[PDB]
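Visitor: Below you'll find start_11.cif; it's mmCIF, C-alpha atoms.
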data_entry
loop_
_atom_site.group_PDB
_atom_site.id
_atom_site.type_symbol
_atom_site.label_atom_id
_atom_site.label_comp_id
_atom_site.auth_asym_id
_atom_site.auth_seq_id
_atom_site.Cartn_x
_atom_site.Cartn_y
_atom_site.Cartn_z
ATOM 1 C CA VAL Q 181 99.955 104.160 99.658
ATOM 2 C CA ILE Q 182 100.869 107.087 101.923
ATOM 3 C CA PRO Q 183 104.544 108.048 101.437
ATOM 4 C CA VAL Q 184 106.893 108.182 104.439
ATOM 5 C CA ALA Q 185 110.634 108.539 105.065
ATOM 6 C CA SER Q 186 112.821 105.473 104.489
ATOM 7 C CA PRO Q 187 113.219 103.275 107.600
ATOM 8 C CA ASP Q 188 116.197 103.961 109.885
ATOM 9 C CA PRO Q 189 118.765 101.244 108.973
ATOM 10 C CA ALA Q 190 120.199 101.453 112.519
ATOM 11 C CA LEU Q 191 117.090 99.625 113.837
ATOM 12 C CA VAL Q 192 118.730 96.219 113.195
ATOM 13 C CA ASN Q 193 121.134 96.734 116.123
ATOM 14 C CA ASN Q 194 118.579 98.311 118.480
ATOM 15 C CA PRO Q 195 118.393 96.365 121.807
ATOM 16 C CA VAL Q 196 114.669 95.897 121.079
ATOM 17 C CA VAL Q 197 115.652 93.209 118.534
ATOM 18 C CA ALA Q 198 117.713 91.110 120.982
ATOM 19 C CA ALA Q 199 115.034 91.536 123.676
ATOM 20 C CA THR Q 200 112.283 90.035 121.525
ATOM 21 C CA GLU Q 201 114.362 87.642 119.359
ATOM 22 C CA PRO Q 202 114.155 84.515 121.594
ATOM 23 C CA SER Q 203 110.326 84.749 121.589
ATOM 24 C CA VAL Q 204 110.054 85.064 117.793
ATOM 25 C CA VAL Q 205 109.989 81.600 116.238
ATOM 26 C CA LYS Q 206 110.236 79.994 112.802
ATOM 27 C CA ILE Q 207 107.391 77.713 111.714
ATOM 28 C CA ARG Q 208 107.571 74.826 109.248
ATOM 29 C CA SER Q 209 104.389 72.945 108.322
ATOM 30 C CA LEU Q 210 103.620 70.015 106.015
ATOM 31 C CA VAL Q 217 106.883 72.906 102.503
ATOM 32 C CA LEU Q 218 105.023 75.885 104.020
ATOM 33 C CA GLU Q 219 107.108 78.285 106.096
ATOM 34 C CA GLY Q 220 106.404 81.341 108.236
ATOM 35 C CA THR Q 221 106.971 83.191 111.493
ATOM 36 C CA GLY Q 222 105.287 83.209 114.903
ATOM 37 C CA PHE Q 223 105.861 84.541 118.410
ATOM 38 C CA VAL Q 224 105.134 83.497 122.008
ATOM 39 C CA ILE Q 225 101.867 85.085 123.207
ATOM 40 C CA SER Q 226 101.559 83.096 126.453
ATOM 41 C CA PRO Q 227 103.448 80.205 128.137
ATOM 42 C CA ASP Q 228 103.686 77.287 125.666
ATOM 43 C CA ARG Q 229 101.480 79.077 123.102
ATOM 44 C CA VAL Q 230 102.564 80.533 119.750
ATOM 45 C CA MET Q 231 100.501 82.808 117.523
ATOM 46 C CA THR Q 232 101.129 82.465 113.798
ATOM 47 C CA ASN Q 233 99.593 83.027 110.360
ATOM 48 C CA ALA Q 234 96.561 80.767 109.791
ATOM 49 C CA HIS Q 235 97.297 80.304 106.069
ATOM 50 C CA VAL Q 236 100.767 78.866 106.817
ATOM 51 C CA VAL Q 237 99.466 76.093 109.116
ATOM 52 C CA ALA Q 238 96.033 75.616 107.468
ATOM 53 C CA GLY Q 239 95.024 71.970 107.971
ATOM 54 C CA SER Q 240 98.535 70.794 108.847
ATOM 55 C CA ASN Q 241 99.282 67.837 111.128
ATOM 56 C CA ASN Q 242 103.080 68.231 110.961
ATOM 57 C CA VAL Q 243 103.944 71.657 112.396
ATOM 58 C CA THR Q 244 107.383 72.317 113.903
ATOM 59 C CA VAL Q 245 108.419 75.407 115.893
ATOM 60 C CA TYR Q 246 112.060 76.570 115.937
ATOM 61 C CA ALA Q 247 112.790 78.787 118.948
ATOM 62 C CA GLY Q 248 116.580 79.199 118.945
ATOM 63 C CA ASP Q 249 117.628 77.007 116.002
ATOM 64 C CA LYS Q 250 116.166 74.138 118.073
ATOM 65 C CA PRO Q 251 112.924 72.307 117.099
ATOM 66 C CA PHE Q 252 109.777 71.961 119.219
ATOM 67 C CA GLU Q 253 106.666 70.018 118.226
ATOM 68 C CA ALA Q 254 103.593 72.188 117.756
ATOM 69 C CA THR Q 255 99.888 71.512 117.290
ATOM 70 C CA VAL Q 256 97.270 73.789 115.734
ATOM 71 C CA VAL Q 257 94.819 74.086 118.637
ATOM 72 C CA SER Q 258 92.997 77.178 117.396
ATOM 73 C CA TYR Q 259 92.065 77.436 113.723
ATOM 74 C CA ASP Q 260 89.147 79.295 112.142
ATOM 75 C CA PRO Q 261 88.887 79.729 108.322
ATOM 76 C CA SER Q 262 87.438 83.237 108.875
ATOM 77 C CA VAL Q 263 90.519 84.381 110.835
ATOM 78 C CA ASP Q 264 94.048 85.411 109.722
ATOM 79 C CA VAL Q 265 95.796 84.184 112.898
ATOM 80 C CA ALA Q 266 96.229 80.712 114.449
ATOM 81 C CA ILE Q 267 97.366 79.372 117.840
ATOM 82 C CA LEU Q 268 99.933 76.593 118.194
ATOM 83 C CA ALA Q 269 100.345 74.558 121.376
ATOM 84 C CA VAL Q 270 104.066 74.136 122.018
ATOM 85 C CA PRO Q 271 104.897 72.251 125.268
ATOM 86 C CA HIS Q 272 108.214 72.968 127.044
ATOM 87 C CA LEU Q 273 108.885 76.121 124.996
ATOM 88 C CA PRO Q 274 111.471 78.173 126.984
ATOM 89 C CA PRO Q 275 111.024 81.778 125.696
ATOM 90 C CA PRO Q 276 108.670 84.157 127.585
ATOM 91 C CA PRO Q 277 105.540 85.762 126.047
ATOM 92 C CA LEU Q 278 105.657 89.106 124.225
ATOM 93 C CA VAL Q 279 103.379 91.955 125.344
ATOM 94 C CA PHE Q 280 101.040 93.865 123.027
ATOM 95 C CA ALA Q 281 101.186 97.663 122.969
ATOM 96 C CA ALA Q 282 98.065 99.241 124.468
ATOM 97 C CA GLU Q 283 98.208 102.421 122.361
ATOM 98 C CA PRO Q 284 97.899 102.550 118.528
ATOM 99 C CA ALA Q 285 100.991 103.476 116.486
ATOM 100 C CA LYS Q 286 101.266 106.832 114.691
ATOM 101 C CA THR Q 287 102.395 107.802 111.171
ATOM 102 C CA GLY Q 288 106.181 108.090 110.788
ATOM 103 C CA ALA Q 289 107.055 106.013 113.865
ATOM 104 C CA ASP Q 290 110.095 103.756 113.511
ATOM 105 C CA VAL Q 291 109.228 100.098 114.006
ATOM 106 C CA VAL Q 292 110.803 96.705 113.302
ATOM 107 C CA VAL Q 293 109.489 93.590 111.562
ATOM 108 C CA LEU Q 294 110.903 90.419 113.118
ATOM 109 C CA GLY Q 295 110.737 87.167 111.170
ATOM 110 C CA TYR Q 296 112.339 84.486 109.030
ATOM 111 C CA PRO Q 297 112.255 85.676 105.386
ATOM 112 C CA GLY Q 298 112.647 82.788 102.926
ATOM 113 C CA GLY Q 299 112.626 80.458 105.943
ATOM 114 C CA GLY Q 300 116.253 81.284 106.737
ATOM 115 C CA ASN Q 301 117.782 82.797 109.868
ATOM 116 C CA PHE Q 302 116.156 85.400 112.121
ATOM 117 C CA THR Q 303 116.281 88.887 110.597
ATOM 118 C CA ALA Q 304 115.085 92.278 111.800
ATOM 119 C CA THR Q 305 113.623 94.420 109.019
ATOM 120 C CA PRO Q 306 113.648 98.194 109.671
ATOM 121 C CA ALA Q 307 110.194 99.696 109.165
ATOM 122 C CA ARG Q 308 108.158 102.900 109.421
ATOM 123 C CA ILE Q 309 104.411 103.342 109.956
ATOM 124 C CA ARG Q 310 102.684 104.796 106.898
ATOM 125 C CA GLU Q 311 99.060 104.903 108.059
ATOM 126 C CA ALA Q 312 96.510 103.240 110.334
ATOM 127 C CA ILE Q 313 93.448 102.356 108.232
ATOM 128 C CA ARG Q 314 90.261 100.302 108.007
ATOM 129 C CA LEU Q 315 90.878 97.882 105.136
ATOM 130 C CA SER Q 316 87.461 96.875 103.806
ATOM 131 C CA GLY Q 317 86.786 94.600 100.840
ATOM 132 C CA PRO Q 318 83.590 93.348 99.176
ATOM 133 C CA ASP Q 319 81.448 90.607 100.726
ATOM 134 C CA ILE Q 320 82.480 87.606 98.611
ATOM 135 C CA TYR Q 321 79.667 85.036 98.642
ATOM 136 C CA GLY Q 322 80.664 81.716 100.231
ATOM 137 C CA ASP Q 323 84.125 83.038 101.121
ATOM 138 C CA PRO Q 324 84.992 82.818 104.859
ATOM 139 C CA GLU Q 325 87.953 85.264 105.039
ATOM 140 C CA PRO Q 326 87.410 88.652 106.808
ATOM 141 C CA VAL Q 327 85.499 91.399 104.975
ATOM 142 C CA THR Q 328 87.058 94.195 107.069
ATOM 143 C CA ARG Q 329 90.417 94.595 108.857
ATOM 144 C CA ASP Q 330 92.035 97.204 111.100
ATOM 145 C CA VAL Q 331 95.523 97.523 109.621
ATOM 146 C CA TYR Q 332 98.811 99.379 109.587
ATOM 147 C CA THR Q 333 100.413 100.042 106.240
ATOM 148 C CA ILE Q 334 104.194 100.087 106.674
ATOM 149 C CA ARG Q 335 107.311 100.944 104.695
ATOM 150 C CA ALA Q 336 109.532 97.856 104.858
ATOM 151 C CA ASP Q 337 111.161 95.263 102.613
ATOM 152 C CA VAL Q 338 108.743 92.548 103.734
ATOM 153 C CA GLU Q 339 108.658 88.951 102.449
ATOM 154 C CA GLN Q 340 106.161 86.056 102.736
ATOM 155 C CA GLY Q 341 108.487 84.393 105.273
ATOM 156 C CA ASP Q 342 107.676 87.304 107.614
ATOM 157 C CA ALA Q 343 103.992 86.256 107.666
ATOM 158 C CA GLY Q 344 102.920 85.904 111.297
ATOM 159 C CA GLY Q 345 105.899 88.044 112.323
ATOM 160 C CA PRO Q 346 105.376 90.717 114.977
ATOM 161 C CA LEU Q 347 105.707 94.441 114.337
ATOM 162 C CA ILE Q 348 107.525 95.861 117.353
ATOM 163 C CA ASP Q 349 107.853 99.437 118.669
ATOM 164 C CA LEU Q 350 110.889 101.000 120.407
ATOM 165 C CA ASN Q 351 109.549 99.898 123.821
ATOM 166 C CA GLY Q 352 109.730 96.214 122.838
ATOM 167 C CA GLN Q 353 105.968 95.758 122.579
ATOM 168 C CA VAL Q 354 103.978 94.202 119.722
ATOM 169 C CA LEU Q 355 101.999 96.691 117.629
ATOM 170 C CA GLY Q 356 100.635 94.054 115.262
ATOM 171 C CA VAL Q 357 101.241 91.113 112.943
ATOM 172 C CA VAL Q 358 102.478 91.007 109.334
ATOM 173 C CA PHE Q 359 99.903 89.376 107.054
ATOM 174 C CA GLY Q 360 100.532 90.838 103.586
ATOM 175 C CA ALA Q 361 102.133 93.250 101.128
ATOM 176 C CA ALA Q 362 101.228 95.453 98.161
ATOM 177 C CA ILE Q 363 101.541 93.754 94.757
ATOM 178 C CA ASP Q 364 102.197 96.865 92.643
ATOM 179 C CA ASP Q 365 104.142 98.729 95.331
ATOM 180 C CA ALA Q 366 107.453 97.408 96.646
ATOM 181 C CA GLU Q 367 108.530 98.382 100.189
ATOM 182 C CA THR Q 368 104.881 98.235 101.309
ATOM 183 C CA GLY Q 369 103.606 95.827 103.969
ATOM 184 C CA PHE Q 370 100.270 95.233 105.696
ATOM 185 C CA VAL Q 371 100.062 94.663 109.449
ATOM 186 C CA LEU Q 372 97.039 93.689 111.571
ATOM 187 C CA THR Q 373 96.679 96.097 114.509
ATOM 188 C CA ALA Q 374 96.760 94.849 118.119
ATOM 189 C CA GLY Q 375 93.015 95.639 118.201
ATOM 190 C CA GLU Q 376 92.473 93.543 115.065
ATOM 191 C CA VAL Q 377 94.400 90.522 116.418
ATOM 192 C CA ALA Q 378 92.398 90.762 119.671
ATOM 193 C CA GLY Q 379 89.116 90.709 117.716
ATOM 194 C CA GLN Q 380 90.294 87.715 115.673
ATOM 195 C CA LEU Q 381 91.564 85.810 118.740
ATOM 196 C CA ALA Q 382 88.204 86.692 120.332
ATOM 197 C CA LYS Q 383 86.341 84.827 117.553
ATOM 198 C CA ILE Q 384 88.484 81.778 118.353
ATOM 199 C CA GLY Q 385 88.064 82.234 122.127
ATOM 200 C CA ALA Q 386 84.290 82.461 121.665
ATOM 201 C CA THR Q 387 83.876 79.432 119.362
ATOM 202 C CA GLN Q 388 86.278 76.990 121.081
ATOM 203 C CA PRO Q 389 86.504 74.074 121.503
ATOM 204 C CA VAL Q 390 86.021 72.945 117.880
ATOM 205 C CA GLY Q 391 86.964 69.715 116.079
#
Please, can you express the file's structure as structure tokens?

Guide:
Amino acid sequence: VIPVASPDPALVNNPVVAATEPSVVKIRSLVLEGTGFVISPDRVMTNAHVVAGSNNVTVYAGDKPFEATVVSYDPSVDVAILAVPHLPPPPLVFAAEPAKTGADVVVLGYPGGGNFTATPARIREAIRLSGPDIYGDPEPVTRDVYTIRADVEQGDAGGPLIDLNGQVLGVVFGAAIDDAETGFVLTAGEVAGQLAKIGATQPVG
């Protein structure tokens, strides 16, 4: 882990939080709980492992429930798409330029499946996270990621990482086991590549 300065605690009150908050939603699937955000009208992107093979997925926009359906799931992909009809909040926009080391960012999500919380963060490093090719295992072998300094929790899974402009830099998908205050974020390029696999293979039963 590359060491960086502690995140600016003032980031919780930054207008960027209130601007993106309505579009960041809590997800409950049937016991399993996570975070998502609006990517396009009536469509929510979330963590695939949270909603994996679930027929009872609910989306909470502003403490109010909306029925969701997993319409895009691929076992080889970290992200999933939920279809959420009549969902008021507008889509969030992805940042077009990659984030740099030391930049102050914010993780938005629902840690422990509670209320919406903004977690102050700082970019450690942009890296290619490559593992071994596990035989018979579908999950990705390589990932474009940001390592971040942040007190991240499994409830933040599927939560967007947002810059000071209000744009999504990536999506929280993990943390370090031995290192506290260390989170792993899929880059906007990585999410695009993963959504591309789904866009290419659809429709699938």

Visitor: Under the rule that all atoms listed in the file are counted, which of Q:199, Q:234, Q:218, Q:357 is the nearest residue to residue 377 of chain Q?

Guide: Q:357

Visitor: Using all atoms listed in the file for the distances, tell me which of Q:371, Q:366, Q:191, Q:278 is nearest to residue 309 of chain Q.

Guide: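 Selected residue with least distance to residue 309 of chain Q: Q:371.
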
Visitor: Nearest residue to residue 202 of chain Q out of Q:277, Q:239, Q:264, Q:226, using all atoms listed in the file?

Guide: Q:277

Visitor: Calculated over all atoms listed in the file, which of the candidates Q:328, Q:317, Q:292, Q:301 has the smallest distance to residue 194 of chain Q?

Guide: Q:292

Visitor: Have a look at Q:319, Q:249, Q:311, Q:339 and name the one nearest to residue 372 of chain Q; count all atoms listed in the file.

Guide: Q:311

Visitor: Between atom CA of residue 356 of chain Q and atom CA of residue 293 of chain Q, what distance in Å does the model show, to one decimal?

Guide: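 These two atoms are separated by 9.6 Å.
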
Visitor: Skip residue 314 of chain Q itself and residues of its chain fewer than 5 positions away, then list as an mmCIF file with C-alpha atoms, keeping the file's coordinate frame all residues within 7 Å of it, counting all atoms listed in the file.

Guide:
data_model
loop_
_atom_site.group_PDB
_atom_site.id
_atom_site.type_symbol
_atom_site.label_atom_id
_atom_site.label_comp_id
_atom_site.auth_asym_id
_atom_site.auth_seq_id
_atom_site.Cartn_x
_atom_site.Cartn_y
_atom_site.Cartn_z
ATOM 1 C CA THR Q 328 87.058 94.195 107.069
ATOM 2 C CA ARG Q 329 90.417 94.595 108.857
ATOM 3 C CA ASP Q 330 92.035 97.204 111.100
ATOM 4 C CA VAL Q 331 95.523 97.523 109.621
#

Visitor: Please, can segment 348-365 of chain Q be completed to N, CA, C and O atoms and returned as a PDB file, keeping the file's coordinate frame?

Guide:
ATOM      1  N   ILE Q 348     107.140  95.453 116.007  1.00  0.00           N
ATOM      2  CA  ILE Q 348     107.525  95.861 117.353  1.00  0.00           C
ATOM      3  C   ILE Q 348     107.956  97.331 117.409  1.00  0.00           C
ATOM      4  O   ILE Q 348     108.688  97.805 116.538  1.00  0.00           O
ATOM      5  N   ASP Q 349     107.473  98.042 118.428  1.00  0.00           N
ATOM      6  CA  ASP Q 349     107.853  99.437 118.669  1.00  0.00           C
ATOM      7  C   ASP Q 349     109.190  99.544 119.415  1.00  0.00           C
ATOM      8  O   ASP Q 349     109.821  98.530 119.711  1.00  0.00           O
ATOM      9  N   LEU Q 350     109.612 100.767 119.723  1.00  0.00           N
ATOM     10  CA  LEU Q 350     110.889 101.000 120.407  1.00  0.00           C
ATOM     11  C   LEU Q 350     110.885 100.557 121.877  1.00  0.00           C
ATOM     12  O   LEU Q 350     111.946 100.403 122.486  1.00  0.00           O
ATOM     13  N   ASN Q 351     109.693 100.355 122.439  1.00  0.00           N
ATOM     14  CA  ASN Q 351     109.549  99.898 123.821  1.00  0.00           C
ATOM     15  C   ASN Q 351     109.677  98.383 123.971  1.00  0.00           C
ATOM     16  O   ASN Q 351     109.819  97.873 125.083  1.00  0.00           O
ATOM     17  N   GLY Q 352     109.626  97.673 122.846  1.00  0.00           N
ATOM     18  CA  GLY Q 352     109.730  96.214 122.838  1.00  0.00           C
ATOM     19  C   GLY Q 352     108.391  95.509 122.777  1.00  0.00           C
ATOM     20  O   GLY Q 352     108.323  94.285 122.903  1.00  0.00           O
ATOM     21  N   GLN Q 353     107.329  96.284 122.573  1.00  0.00           N
ATOM     22  CA  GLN Q 353     105.968  95.758 122.579  1.00  0.00           C
ATOM     23  C   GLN Q 353     105.413  95.567 121.170  1.00  0.00           C
ATOM     24  O   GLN Q 353     105.778  96.295 120.247  1.00  0.00           O
ATOM     25  N   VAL Q 354     104.533  94.579 121.023  1.00  0.00           N
ATOM     26  CA  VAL Q 354     103.978  94.202 119.722  1.00  0.00           C
ATOM     27  C   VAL Q 354     102.836  95.132 119.315  1.00  0.00           C
ATOM     28  O   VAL Q 354     101.829  95.253 120.019  1.00  0.00           O
ATOM     29  N   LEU Q 355     103.010  95.789 118.173  1.00  0.00           N
ATOM     30  CA  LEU Q 355     101.999  96.691 117.629  1.00  0.00           C
ATOM     31  C   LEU Q 355     101.006  95.948 116.749  1.00  0.00           C
ATOM     32  O   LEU Q 355      99.851  96.357 116.616  1.00  0.00           O
ATOM     33  N   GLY Q 356     101.466  94.858 116.145  1.00  0.00           N
ATOM     34  CA  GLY Q 356     100.635  94.054 115.262  1.00  0.00           C
ATOM     35  C   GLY Q 356     101.383  92.924 114.586  1.00  0.00           C
ATOM     36  O   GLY Q 356     102.524  92.621 114.936  1.00  0.00           O
ATOM     37  N   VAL Q 357     100.731  92.312 113.599  1.00  0.00           N
ATOM     38  CA  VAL Q 357     101.241  91.113 112.943  1.00  0.00           C
ATOM     39  C   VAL Q 357     101.211  91.243 111.421  1.00  0.00           C
ATOM     40  O   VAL Q 357     100.180  91.580 110.839  1.00  0.00           O
ATOM     41  N   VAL Q 358     102.351  90.968 110.792  1.00  0.00           N
ATOM     42  CA  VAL Q 358     102.478  91.007 109.334  1.00  0.00           C
ATOM     43  C   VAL Q 358     101.620  89.921 108.682  1.00  0.00           C
ATOM     44  O   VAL Q 358     101.715  88.743 109.038  1.00  0.00           O
ATOM     45  N   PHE Q 359     100.787  90.323 107.726  1.00  0.00           N
ATOM     46  CA  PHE Q 359      99.903  89.376 107.054  1.00  0.00           C
ATOM     47  C   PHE Q 359      99.876  89.541 105.533  1.00  0.00           C
ATOM     48  O   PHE Q 359      99.278  88.724 104.836  1.00  0.00           O
ATOM     49  N   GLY Q 360     100.520  90.589 105.024  1.00  0.00           N
ATOM     50  CA  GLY Q 360     100.532  90.838 103.586  1.00  0.00           C
ATOM     51  C   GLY Q 360     101.419  91.964 103.090  1.00  0.00           C
ATOM     52  O   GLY Q 360     102.124  92.612 103.868  1.00  0.00           O
ATOM     53  N   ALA Q 361     101.383  92.180 101.779  1.00  0.00           N
ATOM     54  CA  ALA Q 361     102.133  93.250 101.128  1.00  0.00           C
ATOM     55  C   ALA Q 361     101.355  93.788  99.932  1.00  0.00           C
ATOM     56  O   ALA Q 361     100.375  93.180  99.500  1.00  0.00           O
ATOM     57  N   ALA Q 362     101.788  94.929  99.404  1.00  0.00           N
ATOM     58  CA  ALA Q 362     101.228  95.453  98.161  1.00  0.00           C
ATOM     59  C   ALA Q 362     101.875  94.749  96.973  1.00  0.00           C
ATOM     60  O   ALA Q 362     103.080  94.484  96.983  1.00  0.00           O
ATOM     61  N   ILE Q 363     101.065  94.439  95.964  1.00  0.00           N
ATOM     62  CA  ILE Q 363     101.541  93.754  94.757  1.00  0.00           C
ATOM     63  C   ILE Q 363     102.226  94.689  93.760  1.00  0.00           C
ATOM     64  O   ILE Q 363     103.239  94.324  93.155  1.00  0.00           O
ATOM     65  N   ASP Q 364     101.672  95.888  93.595  1.00  0.00           N
ATOM     66  CA  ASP Q 364     102.197  96.865  92.643  1.00  0.00           C
ATOM     67  C   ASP Q 364     103.264  97.752  93.274  1.00  0.00           C
ATOM     68  O   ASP Q 364     104.128  98.289  92.577  1.00  0.00           O
ATOM     69  N   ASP Q 365     103.197  97.898  94.594  1.00  0.00           N
ATOM     70  CA  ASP Q 365     104.142  98.729  95.331  1.00  0.00           C
ATOM     71  C   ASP Q 365     105.113  97.885  96.152  1.00  0.00           C
ATOM     72  O   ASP Q 365     104.706  97.141  97.049  1.00  0.00           O
TER      73      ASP Q 365
END
